Amino acid sequence: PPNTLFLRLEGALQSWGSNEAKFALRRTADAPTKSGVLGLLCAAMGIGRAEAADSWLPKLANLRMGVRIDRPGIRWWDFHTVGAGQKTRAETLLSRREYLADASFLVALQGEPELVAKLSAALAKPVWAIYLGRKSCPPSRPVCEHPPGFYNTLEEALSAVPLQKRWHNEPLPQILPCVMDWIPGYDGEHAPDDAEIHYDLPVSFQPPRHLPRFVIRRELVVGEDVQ
Amino acid sequence: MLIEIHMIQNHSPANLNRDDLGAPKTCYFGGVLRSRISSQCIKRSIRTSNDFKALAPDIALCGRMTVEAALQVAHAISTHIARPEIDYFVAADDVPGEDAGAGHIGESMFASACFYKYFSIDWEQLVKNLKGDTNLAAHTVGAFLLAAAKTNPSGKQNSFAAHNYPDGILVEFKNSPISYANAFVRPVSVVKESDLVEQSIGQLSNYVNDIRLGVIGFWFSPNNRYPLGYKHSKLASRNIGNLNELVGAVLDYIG
Amino acid sequence: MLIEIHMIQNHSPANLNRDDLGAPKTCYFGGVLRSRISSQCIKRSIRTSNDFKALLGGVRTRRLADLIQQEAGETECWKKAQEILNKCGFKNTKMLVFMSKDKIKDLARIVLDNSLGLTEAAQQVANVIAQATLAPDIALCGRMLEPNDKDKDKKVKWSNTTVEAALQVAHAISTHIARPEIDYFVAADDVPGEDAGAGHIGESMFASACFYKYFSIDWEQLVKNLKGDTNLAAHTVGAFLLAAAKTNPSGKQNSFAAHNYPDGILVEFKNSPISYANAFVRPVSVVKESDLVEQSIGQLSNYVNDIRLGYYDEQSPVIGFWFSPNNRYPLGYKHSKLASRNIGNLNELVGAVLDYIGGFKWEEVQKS
RNA sequence: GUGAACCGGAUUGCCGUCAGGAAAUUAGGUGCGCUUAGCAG
DNA sequence: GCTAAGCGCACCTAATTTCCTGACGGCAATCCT
């Protein structure tokens with residue numbers, strides 16, 4: 001019966017590296033990537049790196065994805081220095097990481113019910129230390145806090161869950177960014193020029209290549225449909 | 001099973017971690033600027049400790065080129081607003097000359113905060129790379145506990161001797177990795193009738209009691225200085241006043 | 001083995017450290033404002049103390065050419081000294097250089113005053129600069145300096161110059177809330193005039209606070225920095241203890257003669273450093289009975305008791321000594337009768353410390 | 001174990017050292033606690 | 001073993017705004033050319 005699996009990603013610091021970050025400078029994206037959540041469920045399964053290559057990619061690539069952003073966190077930068085190995089010489093790697101501070105995201109994945117049920121069951125019993133993109137970003141709220149349910153459309157699922165205010169008088173977000181998978185529908189119906197591209201679908205890391213994906217953005221506003 | 005370690009450590013005015021400009025590492029949380037010690041800083045502070053030096057050594061605990069080290073550590077999030085300060089300094093010439101003042105006459109950056117440190121070490125994978133040496137795995141877990149309890153980052157320590165030990169450490173064995181950073185979404189404001197450490201521990205206790213009420217956890221404070229709940233109800237499994245018996249309790253619970 | 005010195009010292013209204021604006025240095029600890037005396041200030045006060053006259057053997061100066069020229073009655077060699085310093089890696093009368101005094105005097109006199117080439121003279125003076133670390137002051141405070149690689153000649157090579165400090169000094173934070181005060185002053189004009197007003201009007205700033213001072217001497221590192229002369233390290237430890245106990249920062253001392261001695265010194269020996277600053281996270285509030293110093297000592301004793309009953313290892317028990325002048329302020333005043341070696345004399349404390357480090361007597365250093 | 005596994009911005013430093021808020025001042029004026037009583041067969 | 005009540009005043013007049021200081025010193029890194 002449950003078609004959609006909900007994941008809650010909330011913490012003080014989080015970082016989801018975007019496709020345009022490959023130099024010593026590493027920035028982050030505003031929303032979690034498909035690669036990151038795929039890695040999170042892969043860690044929850046506990047399958048190794050080499051197990052994916054053994055005809056396993058399309059069993060998870062078909063999962064329709066949708067990201068809900070509750071609060072927009074400002075981009076915070078961290079200066080990281082690596083001593084690597086310390087015959088020997090003064091070689092210190094230069095790095096700068098980008099972190100999203102005070103941000104909360106909701107990830108909804110749509111698929112056949114048995115796979116979703118098994119995904120939730122394995123999430124409730126994580127065999128490996130899960131994080132929020134980087135090992136130094138633990139989840140401040142349970143990932144399985146919102147339980148799977150039967151909802152026809154992603155908009156109905158997003159609007160059904162109420163928003164919990166931290167205290168009585170706080171500035172609520174009048175703009176709610178959202179990320180949803182682009183439905184191909186029938187054969188054809190090419191994506192318009194206004195559809196953005198995203199490289200977060202891993203199939204192999206030798207050579208490292210990520211297949212591009214199309215992401216479209218939507219709006220949800222509270223107080224307009226519920227009296 | 002998962003071992004999660006939470007620490008509440010209050011540090012004297014110091015500069016433990018630094019950026020390029022010399023400012024203390026900072027972060028944003030709850031609409032408030034907050035001090036920060038990076039996770040890699042704490043990890044390196046754990047390593048290169050003489051307490052442990054006195055399978056393959058130096059490989060199972062930290063990998064070297066996989067190994068997939070099982071110990072994870074979060075960024076040290078302060079419980080309150082960050083308060084950076086200016087340290088105006090000069091370096092004297094201590095000789096009679098035609099002028100006065102000789103040093104760079106700089107402005108050092110420093111701050112003092114009560115940091116919430118999160119350590120999550122999973123027993124299963126640490127056993128996995130230990131070839132099933134449960135005794136050795138427990139020994140290394142205890143050694144890491146002792147180190148994290150009694151070690152500090154080797155930052156600007158010769159001028160800022162900040163060697164304060166944590167006033168409260170809480171160890172839980174829950175199935176999912178939950179960090180208690182959200183316990184401090186509201187920044188802690190010090191009142192006249194309480195102190196910063198007591199208020200932070202009280203906020204952590206309030207967060208622990210909430211959500212669940214609408215697993216078990218070992219609470220350690222030095223000589224029970226800061227009790228995590230002053231009641232006889234089933235709130236904390238064991239109140240431990242000594243570090244070594246806390247490590248012993250963790251060890252014989254794991255094994 | 002680490003020699004940890006915790007001192008509780010109360011000071012009279014004074015300004016022992018101020019920033020550019022002239023206000024006494026402050027810091028936030030425990031969410032409240034605290035008066036602060038900088039660590040380098042105490043380090044220098046111990047450095048230039050009357051008790052360090054026998055161990056001040058290092059110089060930190062930028063006018064090294066003047067120092068070299070000073071050791072010559074008639075041999076006028078100053079332009080050459082500046083040129084050789086500039087070619088050594090300094091660029092102008094230079095950046096700060098830390099190393100010994102007699103060593104540089106003798107070696108510069110025998111090297112740069114001799115009629116000989118230039119680049120190898122720069123190399124020899126650089127080696128002398130790097131190798132002049134036989135000073136207890138450098139052994140305690142430590143040093144590092146790397147000359148710029150642009151102005152320096154490629155024919156000059158530098159050996160290892162980083163000297164690891166064996167002394168860690170914390171910033172002296174007040175045990176209570178900080179109360180900055182404004183002293184409004186005038187400057188009287190001696191000659192009467194038609195206005196009858198002061199020659200100058202201003203506002204001075206001062207504060208009186210009970211400070212918690214923390215020192216940490218690494219015995220192994222102090223011995224290593226002085227090599228096999230362990231007796232010199234013992235003498236340095238004793239002189240540092242005496243100077244820290246009896247010397248105060250030389251701030252506005254002419255106007256604020258705050259020369260108060262500490263009311264309690266806790267010398268503890270452990271292999272790991274412990275800062276008792278968290279004893280005073282809650283500011284000390286004075287009440288009708290007892291006093292600020294007594295309450296601070298009580299809070300410190302409570303924290304030390306909790307630390308001992310907390311982080312404790314039976315393999316290496318930690319011993320310590322408590323000092324109070326004539327046993328005026330006890331540590332465990334009400335119940336903690338744990339310290340069996342309370343001392344009421346600073347020289348006896350120094351003797352006990354020296355005996356614990358090794359077979360060292362305070363008079364035994366009078367042999368060289 | 002997916003821009004992710006290996007990952008410290010490391011050290012040196014007193015603002016120090018000049019200083020009278022002073023020369024002016026009466027809270028001065030008004031006033032019934034006051035009517036009742038055996039510690040004794 | 002325990003008597004109560006009435007009554008409680010007004011305020012004019014509150015001094016003198018540039019008497020206020022100058023100077024010297026403030027990276028060293030260049031972390032795959």
Side-chain angles (χ1 to χ4, degrees), chain B residues 11-16 18 22 24 84-92 94 103 105-112 152-164, chain C residues 2-9 11 14-19 24-29 34-49 52 58 60 96 98 136-144 163-175 178 207 209-218 221-222 236 240-241 243-245 247-251 262 265 273-278 280:
Chain B
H11 272 127
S12 66
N15 196 26
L16 272 177
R18 249 190 295 147
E85 304 245 323
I86 288 329
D87 181 45
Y88 177 74
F89 67 92
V90 315
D94 67 9
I105 317 190
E107 286 179 71
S108 302
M109 311 230 80
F110 71 99
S112 147
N152 272 31
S154 147
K156 195 141 151 268
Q157 291 281 56
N158 292 247
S159 32
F160 293 109
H163 308 289
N164 325 63
Chain C
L2 278 45
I3 299 117
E4 313 262 276
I5 311 174
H6 317 270
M7 322 202 333
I8 289 285
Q9 176 156 39
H11 274 126
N15 195 1
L16 296 177
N17 235 125
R18 20 160 184 101
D19 36 45
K25 301 206 155 160
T26 42
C27 70
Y28 276 95
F29 180 67
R34 319 231 166 205
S35 299
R36 176 166 63 81
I37 292 170
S38 170
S39 53
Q40 57 261 21
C41 192
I42 320 170
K43 281 206 217 113
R44 164 160 207 90
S45 283
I46 297 168
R47 203 218 183 201
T48 86
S49 89
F52 259 57
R60 178 194 277 119
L96 289 285
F98 201 15
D137 250 345
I138 316 174
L140 278 184
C141 277
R143 88 145 146 71
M144 66 64 165
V163 166
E164 285 218 316
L167 169 69
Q168 288 170 1
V169 179
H171 282 229
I173 58 178
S174 56
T175 62
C210 187
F211 289 88
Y212 165 74
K213 295 215 271 213
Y214 178 25
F215 309 100
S216 183
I217 285 192
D218 203 315
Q221 252 282 1
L222 192 58
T236 311
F240 172 91
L241 216 173
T247 64
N248 296 302
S250 155
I265 297 164
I274 289 282
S275 204
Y276 294 123
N278 272 346
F280 320 100

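A note on names: the letters A, B, ... follow the listed sequences, proteins ahead of strands, and every chain is numbered from 1.
Here the side chain of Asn164(B) pairs no donor or acceptor atom with the backbone of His11(B) at under 3.5 angstrom. Judged purely by atom type and a 3.5 angstrom limit, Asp87(B) has no side-chain atom pairing as donor or acceptor with the backbone of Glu107(B). Here the side chain of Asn152(B) pairs a donor or acceptor atom with the backbone of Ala162(B) at under 3.5 angstrom.
Between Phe280(C) and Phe29(C), the ring centre distance reaches or exceeds 6.0 Å. In this structure, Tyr276(C) has its ring center at least 6.0 angstrom away from the ring center of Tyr212(C).
In this structure the side chain of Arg36(C) never reaches within 4.5 angstrom of the side chain of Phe211(C), judged on heavy atoms. The side-chain heavy atoms of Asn158(B) and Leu167(C), taken from C-beta on, include no pair separated by under 4.5 Å. A heavy-atom distance below 4.5 Å is not found between the side chains of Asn17(C) and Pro249(C). Looking at heavy atoms from C-beta onward, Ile274(C) lies out of side-chain contact with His163(B) at the 4.5 angstrom threshold. Counting heavy atoms from C-beta on, the side chains of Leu2(C) and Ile217(C) never come closer than 4.5 Å. Side-chain atoms of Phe89(B) and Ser38(C), non-hydrogen and from C-beta on, never get closer than 4.5 Å to each other.
The shortest heavy-atom contact between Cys27(C) and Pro13(B) is SG-CG, 3.8 Å. Pairing each heavy atom of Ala161(B) with each of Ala170(C), the nearest pair is CB-CB, 3.6 Å. Between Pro262(C) and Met7(C) the shortest heavy-atom distance is CG-CE, 3.7 Å. Nearest heavy atom pair, residue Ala245(C) against residue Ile265(C), reads CB-CD1, 3.9 Å. Looking at every heavy atom in both residues, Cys141(C) comes nearest to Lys43(C) through SG-CD, 3.9 Å. The shortest non-hydrogen separation linking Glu4(C) to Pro273(C) is OE1-CA, 3.2 Å.
By the side-chain contact (heavy atoms from CB on, under 4.5 Å) test, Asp137(C) pairs with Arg47(C), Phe52(C), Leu56(C), sequence neighbours left out.
Interatomic distance, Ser154(B) OG to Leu16(B) CG, rounded to the nearest 0.5 Å: 9.5 Å. Note that OG1 of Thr26(C) is 11.5 Å distant from CD1 of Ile86(B), once rounded to the nearest 0.5 Å. Interatomic distance, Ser112(B) OG to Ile173(C) CD1, rounded to the nearest 0.5 Å: 7.5 Å. In this structure, CD1 on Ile5(C) lies 6.5 Å from CZ on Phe215(C), to the nearest 0.5 angstrom. Put simply, OG on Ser39(C) and OH on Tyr214(C) are 13.0 Å apart, with the number rounded to the nearest 0.5 Å. A distance of 10.0 Å separates CD of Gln157(B) from OG of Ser216(C), quoted to the nearest 0.5 Å.
Screening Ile46(C), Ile42(C), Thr48(C) against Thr247(C) for a side-chain contact (heavy atoms from CB on, under 4.5 Å) leaves a single residue, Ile46(C).
For the pair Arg60(C) and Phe98(C), the cation-pi test (distance below 6.0 Å, angle within 45°) is passed.
Judged purely by distance below 3.5 Å, without hydrogens or angles, the side chains of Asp218(C) and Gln168(C) never pair a donor atom with an acceptor atom.
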Original post:
Given the rule in the side chain to side chain contact (heavy atoms under 4.5 Å, CB included) test, do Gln9(C) and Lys213(C) qualify, once you have shown the distances and angles that lead to the verdict?
Top reply: CA-CA 8 Å; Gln9(C) 176 156 39; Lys213(C) 295 215 271 213; 3.0 Å; yes
Original post:
Between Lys25(C) and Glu85(B), is a side chain to side chain contact (heavy atoms under 4.5 Å, CB included) present by the stated rule, with each step listed?
Top reply: CA-CA 10 Å; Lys25(C) 301 206 155 160; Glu85(B) 304 245 323; over 6 Å; no
